[PDB]
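Single-structure report; data block below.
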Amino acid sequence: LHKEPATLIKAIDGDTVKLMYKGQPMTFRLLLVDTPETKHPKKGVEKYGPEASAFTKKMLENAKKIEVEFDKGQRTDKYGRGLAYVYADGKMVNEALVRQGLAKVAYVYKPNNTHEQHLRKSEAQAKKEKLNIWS
């Protein structure tokens with residue numbers, strides 16, 4: 001896989017952010033993670049949704065460098081969103097959310113699953129520490 005630079009436009013939710021990628025505005029969905037969301041009526045604001053959303057937002061807004069990393073399979077979903085691992089100063093946002101108990105590892109779709117075991121590892125630790133969603 002390779003990392004490519006991007007620039008923050010707007011964080012929309014815990015797991016969806018708008019970035020400037022190769023000069024174009026694009027919505028990215030973070031690969032392999034489900035955060036509780038603030039967006040959806042059938043739901044409303046679920047618990048830990050505002051927390052997940054502020055975390056992603058702060059981590060990206062305070063970064064020196066943001067990079068996106070596409071996996072081996074398809075790179076957009078049916079809504080036109082890019083499917084990627086997003087890094088803030090070299091730290092994967094998708095993992096950071098899971099490690100903090102602010103996201104679950106999603107239902108995985110091969111072949112987009114390179115960092116799957118890494119993420120499950122972090123999720124088991126957050127579970128062991130009874131953090132946030134696991135509290």
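Computation of the quantities below employed the complete heavy-atom set of this structure, encompassing side-chain atoms and omitting hydrogens, waters and symmetry-equivalent molecules. Numbers here simply count residues along the sequence, with the first being 1.
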| query | So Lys57 and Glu61, salt bridge (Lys or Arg N to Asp or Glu O under 4.0 Å) or not? Walk me through it. | reply | CA-CA 6 Å; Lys57 172 159 174 314; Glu61 289 188 334; 2.5 Å; yes
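- Considering CD of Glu67 and CG of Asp89, their distance stands at 9.0 Å, rounded to 0.5 Å.
- In terms of heavy-atom proximity, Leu119 sits nearest to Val98 at O-CG1, 3.6 Å.
- In terms of heavy atoms, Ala6 sits closest to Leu19 at CB-CD1, 3.9 Å.
- Contact of the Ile12 side chain with the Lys39 side chain is registered, since non-hydrogen atoms from C-beta on lie closer than 4.5 Å.
- By the 6.0 Å contact criterion, CD on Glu4 is enclosed, its count of non-hydrogen atoms from other residues, nucleotides or ligands being greater than 12.
- Side-chain atoms of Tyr79 and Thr16 include no donor-acceptor pair closer than 3.5 Å.
- Applying the 6.0 Å contact sphere to NZ of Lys43 captures more than 12 heavy atoms from other residues, nucleotides or ligands.
- Within 6.0 Å of NZ in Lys64 there are 12 or fewer heavy atoms belonging to other residues, nucleotides or ligands.
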Practice task
Kindly indicate, with the supporting measurements, whether the criterion side-chain contact (heavy atoms from CB on, under 4.5 Å) is fulfilled by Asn94 and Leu31.
Solution key: CA-CA 7 Å; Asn94 319 43; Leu31 263 179; 4.1 Å; yes
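- From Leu97, atom CG reaches atom CG of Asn132 across 10.5 Å, with rounding to the nearest 0.5 Å.
- Looking at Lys128, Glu123, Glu129 one by one, the single match for side-chain hydrogen bond (donor to acceptor under 3.5 Å, both in side chains) with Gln125 turns out to be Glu129.
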Take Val68 and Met26, measure what side-chain contact (heavy atoms from CB on, under 4.5 Å) needs, and give me the verdict at the end. CA-CA 12 Å; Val68 293; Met26 225 175 92; over 6 Å; no
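- Relative ring orientation between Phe70 and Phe28 is described as tilted, the plane-to-plane angle lying within the 30° to 60° band.
- The aromatic rings of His118 and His115 sit perpendicular, their planes meeting at an angle over 60°, well past the 30° parallel limit.
- For the residue pair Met20 and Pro25, the shortest heavy atom distance occurs at SD-N, 3.4 Å.
- Salt-bridge check for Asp34 with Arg29: passed, with a basic side-chain N closer than 4.0 Å to an acidic carboxylate O.
- For the pair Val86/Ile66, a side-chain contact is recorded, criterion being any heavy-atom separation below 4.5 Å from C-beta on.
- In this structure, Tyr85 and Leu1 approach most closely via the heavy-atom pair CE1-CD1, 4.3 Å.
- Taking both residues in full, the closest heavy atoms of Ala126 and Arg99 are given as CB-O, 3.3 Å, listed atom of the first, atom of the second, then distance.
- For the pair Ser122 and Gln117, the minimum side-chain heavy-atom distance is 4.5 Å or more.
- At most 12 non-hydrogen atoms from other residues, nucleotides or ligands lie less than 6.0 angstrom from NZ of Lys58.
- The shortest heavy-atom contact between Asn112 and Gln74 is ND2-O, 3.0 Å.
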